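Peer 1: Submitted below is the structure of interest, expressed as structure tokens.
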Amino acid sequence: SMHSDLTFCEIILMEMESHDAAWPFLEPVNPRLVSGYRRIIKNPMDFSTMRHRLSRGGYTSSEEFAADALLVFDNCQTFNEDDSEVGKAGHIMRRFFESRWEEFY
Ligand SMILES: C/N=C(\NC)Nc1ccc(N2CCC[C@H]2C(=O)NCc2ccc3[nH]c(-c4cnnn4C)nc3c2)cc1
């Protein structure tokens, strides 16, 4: 399971999930609601997947955790127009994450 040294990542992820702009990213992009997603996006990622991976030991390092966080935002930029509601949410969440990551590095 998660090593205590990564508790700061657990907290960042919890705070991301609670953010007003997090709604598009809480769970895997749902084919029932969004069509053609995996056609374009080779490596989907979302906050619930990260939460489970972190909590069960699937991130050995903060760098691996951060790479999945950035993948959420990179996928969002790939799939969505910048002026769409989801596109805007991705930019908000990237800024929020990078701010929190800056406090530590
Ligand atoms: C400001 N709204 C909220 N604040 C808390 N909550 C909220 C949630 C759902 C709904 N509705 C209302 C009708 C049904 C549901 C709906 O359409 N859900 C679609 C949905 C859900 C997640 C997504 N994630 C990406 C995505 C990610 N990356 N690319 N995309 C295209 N699309 C998504 C589409 C109404 C309000």
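We label chains A, B, ... in the order they appear in the structure tokens, count residues from 1 in each chain, and number ligands from 1 in the order shown.
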Could you report the residues within 7 Å of ligand 1, using only C-alpha atoms and all ligand atoms, as a PyMOL selection string?

Peer 2: chain A and resi 20+23-25+29+33-34+76+79-80+86

Peer 1: DSSP on the backbone: what in chain A comes out alpha helix (DSSP H), as an NGL selection string?

Peer 2: :A and (7-18 or 37-40 or 47-55 or 62-79 or 85-104)

Peer 1: I'd like the interatomic distance between CA of residue 75 (chain A) and CA of residue 43 (chain A), to a tenth of an Å.

Peer 2: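 CA of residue 75 (chain A) sits 8.0 Å away from CA of residue 43 (chain A).
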
Peer 1: A:41, A:54, A:22, A:9: which is nearest residue 93 (chain A), counting only C-alpha atoms?

Peer 2: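 Checking each of A:41, A:54, A:22, A:9 against residue 93 (chain A), counting only C-alpha atoms, the winner is A:22.
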
Peer 1: Could you state the separation of CA of residue 74 (chain A) and CA of residue 94 (chain A) in Å, given to one decimal place?

Peer 2: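 CA of residue 94 (chain A) lies at a distance of 9.1 Å from CA of residue 74 (chain A).
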
Peer 1: Ranking A:53, A:1, A:42, A:84 by minimum distance to residue 13 (chain A) and counting only C-alpha atoms, which one comes first?

Peer 2: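 Checking each of A:53, A:1, A:42, A:84 against residue 13 (chain A), counting only C-alpha atoms, the winner is A:53.
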
Peer 1: Grab the CA of residue 8 (chain A) to CA of residue 101 (chain A) distance for me, in Å with one decimal place.

Peer 2: 9.6 Å

Peer 1: Using only C-alpha atoms for the distances, tell me which of A:69, A:81, A:47, A:61 is nearest to residue 98 (chain A).

Peer 2: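 Among the listed residues, the smallest separation from residue 98 (chain A) belongs to A:69.
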
Peer 1: Taking into account only C-alpha atoms, which residue in the set A:67, A:15, A:21, A:103 is nearest to residue 91 (chain A)?

Peer 2: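 Smallest separation from residue 91 (chain A) among the options: A:21.
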
Peer 1: Residues near residue 58 (chain A), anyone? I mean within 12 Å using only C-alpha atoms, not counting same-chain ones fewer than 6 positions away, as a short mmCIF file (atom, residue, chain, number, x, y, z; two decimals) with N, CA, C and O atoms, in the first residue's frame.

Peer 2:
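See selection33.cif below for the written result:
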data_model
loop_
_atom_site.label_atom_id
_atom_site.label_comp_id
_atom_site.auth_asym_id
_atom_site.auth_seq_id
_atom_site.Cartn_x
_atom_site.Cartn_y
_atom_site.Cartn_z
N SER A 1 0.83 -1.20 0.00
CA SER A 1 0.00 0.00 0.00
C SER A 1 0.87 1.26 0.00
O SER A 1 2.09 1.18 -0.01
N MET A 2 0.23 2.43 0.00
CA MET A 2 0.96 3.69 -0.15
C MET A 2 1.94 3.88 1.00
O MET A 2 1.58 3.73 2.16
N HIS A 3 3.17 4.23 0.66
CA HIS A 3 4.14 4.62 1.67
C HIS A 3 3.79 5.99 2.24
O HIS A 3 3.31 6.88 1.52
N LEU A 6 4.41 9.48 0.64
CA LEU A 6 3.58 10.03 -0.42
C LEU A 6 2.28 10.63 0.09
O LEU A 6 1.38 10.94 -0.71
N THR A 49 -8.93 6.70 -10.79
CA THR A 49 -7.89 5.74 -11.12
C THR A 49 -6.61 6.06 -10.37
O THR A 49 -5.96 5.17 -9.82
N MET A 50 -6.25 7.34 -10.32
CA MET A 50 -5.07 7.74 -9.57
C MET A 50 -5.22 7.45 -8.09
O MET A 50 -4.26 7.06 -7.43
N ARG A 51 -6.40 7.72 -7.54
CA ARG A 51 -6.62 7.52 -6.12
C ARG A 51 -6.41 6.06 -5.73
O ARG A 51 -5.75 5.75 -4.73
N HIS A 52 -6.94 5.14 -6.54
CA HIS A 52 -6.78 3.72 -6.26
C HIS A 52 -5.34 3.28 -6.46
O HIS A 52 -4.80 2.51 -5.66
N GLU A 64 6.07 9.56 -10.47
CA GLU A 64 5.11 8.74 -11.20
C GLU A 64 3.69 9.25 -10.98
O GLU A 64 2.86 9.24 -11.90
N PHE A 65 3.36 9.64 -9.74
CA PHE A 65 2.07 10.26 -9.45
C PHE A 65 1.87 11.51 -10.29
O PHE A 65 0.81 11.69 -10.91
N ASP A 68 0.98 10.93 -13.94
CA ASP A 68 -0.43 10.63 -14.19
C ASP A 68 -1.30 11.89 -14.06
O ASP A 68 -2.24 12.07 -14.84
#
